[PDB]
Protein chains: 4
Amino acid sequence: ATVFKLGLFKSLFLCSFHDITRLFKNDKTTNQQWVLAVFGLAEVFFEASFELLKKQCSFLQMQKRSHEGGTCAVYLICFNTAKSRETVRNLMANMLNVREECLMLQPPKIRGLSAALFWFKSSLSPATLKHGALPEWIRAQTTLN
Amino acid sequence: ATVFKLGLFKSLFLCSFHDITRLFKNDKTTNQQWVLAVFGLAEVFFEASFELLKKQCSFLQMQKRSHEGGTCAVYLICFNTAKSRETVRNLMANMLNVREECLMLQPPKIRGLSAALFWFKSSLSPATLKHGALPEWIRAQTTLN
Amino acid sequence: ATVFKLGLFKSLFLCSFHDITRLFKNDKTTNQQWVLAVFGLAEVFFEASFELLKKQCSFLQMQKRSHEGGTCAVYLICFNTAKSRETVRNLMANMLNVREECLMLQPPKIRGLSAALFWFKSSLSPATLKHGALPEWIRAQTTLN
Amino acid sequence: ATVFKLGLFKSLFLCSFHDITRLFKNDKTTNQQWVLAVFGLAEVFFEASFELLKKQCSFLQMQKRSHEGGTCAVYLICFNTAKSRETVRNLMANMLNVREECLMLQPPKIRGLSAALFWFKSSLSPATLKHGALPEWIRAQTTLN
DNA sequence: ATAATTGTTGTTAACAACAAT
DNA sequence: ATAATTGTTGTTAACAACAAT
């Protein structure tokens with residue numbers, strides 16, 4: 001089913017989900033930073049999720065896009081505390097009110113400019129809900145050294 | 001300040017919170033049905049909680065009132081599972097995004113036409129959230145038999 | 001839906017379920033002795049249930065009957081330990097593998113000869129799985145004083 | 001007597017129990033997938049457990065062998081929920097109706113064609129209970145890719 | 001006076017969190 | 001050397017059990 005999640009992400013964000021994240025083949029592996037793509041997200045929840053995640057993220061950047069074929073939202077989360085994909089998954093599958101199957105979770109791609117610019121580009125749009133000091137790895141890669 | 005609540009609730013709904021709830025002097029005492037009074041509830045979170053609770057309630061009724069003195073909402077919850085105030089306090093605190101301090105929890109006053117009518121009347125405004133088969137106790141005491 | 005459970009019990013056992021049990025209007029009320037009518041019971045489970053309940057009943061009498069219109073089984077359980085309808089319900093809904101809705105639980109009718117004879121009559125058939133010393137109240141009422 | 005088990009299992013299945021399970025030295029360590037070796041299992045309870053587990057497993061495979069030396073069954077369980085041996089020990093003990101002593105529990109040996117084939121071979125006898133989508137790990141290691 | 005009703009207290013699955021390689 | 005992997009340990013919903021009227 002990923003085939004679709006992925007395909008929809010592309011047509012919606014003009015780039016592969018892979019392009020912005022690095023792989024974690026184990027669901028039990030704990031991490032602080034996470035990239036989340038949510039399909040079929042309800043406006044109200046998306047709104048809530050923001051206010052809610054603030055309470056436990058050093059940084060958080062939420063973005064939602066959509067059209068007739070589908071709707072998707074990407075989250076660049078930075079939990080104050082390391083979380084496994086499971087934990088993150090469980091937590092979010094609920095906070096957002098979508099079956100787990102409507103989620104895509106992989107740790108961000110840090111070393112990579114194409115990637116850094118994705119987050120930077122986003123942060124430029126107003127619609128994007130932002131909270132926190134733009135992460136180190138993104139600036140360090142998108143600044144005139 | 002519980003008094004300032006009761007008062008506010010009274011001020012807002014026009015009848016002591018006591019007139020619709022039966023005493024439970026133990027936070028560890030579990031029950032399926034509960035009556036919730038929430039104070040300072042964010043518009044969004046109210047809307048959210050409703051869609052979210054549906055996943056775990058057999059019956060749910062929500063009303064929210066306010067004015068230039070404060071905002072307060074009421075819940076008549078019938079959890080599919082029994083839960084101690086301890087639990088509901090936790091669940092609803094984080095769900096509504098408020099301090100445990102902003103919540104009043106006691107099981108409904110099931111036997112007593114007056115109260116039983118409260119929900120009836122409430123179930124008459126379109127600006128109210130309904131869900132599930134209206135409770136036997138509430139139904140009986142308010143229909144010609 | 002009880003209407004059916006009941007109706008099926010009759011056509012299957014030639015008597016009302018009420019005829020053999022006394023009412024408990026509260027599900028949280030604990031009791032040792034229980035009468036159970038299970039609809040849609042699977043042979044294998046019915047068999048198992050026997051062996052399983054033995055481990056925790058001073059007495060137990062199981063009986064299963066059926067036909068095209070439906071199938072039903074009655075249990076006269078005597079838990080070594082007092083159990084609420086809930087507890088009993090939860091326990092059995094699972095041990096038997098039927099939704100709760102396929103259960104009927106009420107404490108037996110002790111003072112009553114028509115009732116005593118039901119259990120006695122049953123215990124006379126071979127098919128009936130029996131375990132334990134026939135309860136006091138049944139003998140005391142079905143013996144030549 | 002664990003040795004008498006292993007031996008019996010070996011005697012019964014023709015290959016060390018070790019050849020299909022990965023070490024977990026902590027009963028409190030939780031996991032979704034488990035391999036169960038049960039000894040002295042009542043015909044009925046085996047049949048029952050299968051229909052019963054289906055309610056809580058994404059994949060399940062059961063085989064039961066015996067001779068004039070003893071009886072032993074094997075389970076490849078993939079619980080929808082993670083469970084420590086502690087838990088499964090309890091759950092399966094009471095479900096199969098045997099002392100904790102009659103159970104051997106270790107997570108499967110997922111990486112290793114040999115073992116991976118065990119289930120494959122096993123999935124070739126009609127006298128075996130199947131349920132759900134055969135596991136990625138088992139599938140991969142045994143199909144032309 | 002049977003039960004309806006809460007107290008009140010253990011036990012334990014379902015998890016998060018994190019040490020440790 | 002990143003993660004994949006279990007240890008290992010709290011916290012707490014989901015309950016049974018039972019005191020008490």
# chains A, B, ... in the order shown; residues from 1 in each chain; ligands from 1

call {"tool": "interface_residues", "arguments": {"of": "chain E", "to": "chain D", "cutoff": "9 Å", "atoms": "only C-alpha atoms (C1' of nucleotides)", "output": "ChimeraX atom specification"}}
result
/E:12-14

call {"tool": "select_by_dssp", "arguments": {"residues": "region 76-119 of chain A", "states": "helix (DSSP H, G or I)", "output": "count of residues only"}}
result
22

call {"tool": "interface_residues", "arguments": {"of": "chain A", "to": "chain D", "cutoff": "12 Å", "atoms": "only C-alpha atoms", "output": "PyMOL selection string"}}
result
chain A and resi 27-28+86+90

call {"tool": "write_last_selection", "arguments": {"atoms": "C-alpha atoms", "output": "PDB file, in the first residue's frame"}}
result
ATOM      1  CA  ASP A  27      10.386  -0.153  14.262  1.00  0.00           C
ATOM      2  CA  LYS A  28      11.733  -0.432  17.822  1.00  0.00           C
ATOM      3  CA  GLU A  86       5.998   2.353  17.225  1.00  0.00           C
ATOM      4  CA  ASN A  90       0.726   4.788  18.295  1.00  0.00           C
TER       5      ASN A  90
END

call {"tool": "residues_around", "arguments": {"residues": "residue 142 (chain A)", "least_positions_apart": "3", "cutoff": "7 Å", "atoms": "only C-alpha atoms (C1' of nucleotides)", "output": "MDAnalysis selection string"}}
result
chainID A and resid 116:117 138:139

call {"tool": "select_by_dssp", "arguments": {"residues": "region 3-135 of chain B", "states": "strand (DSSP E)", "output": "count of residues only"}}
result
43
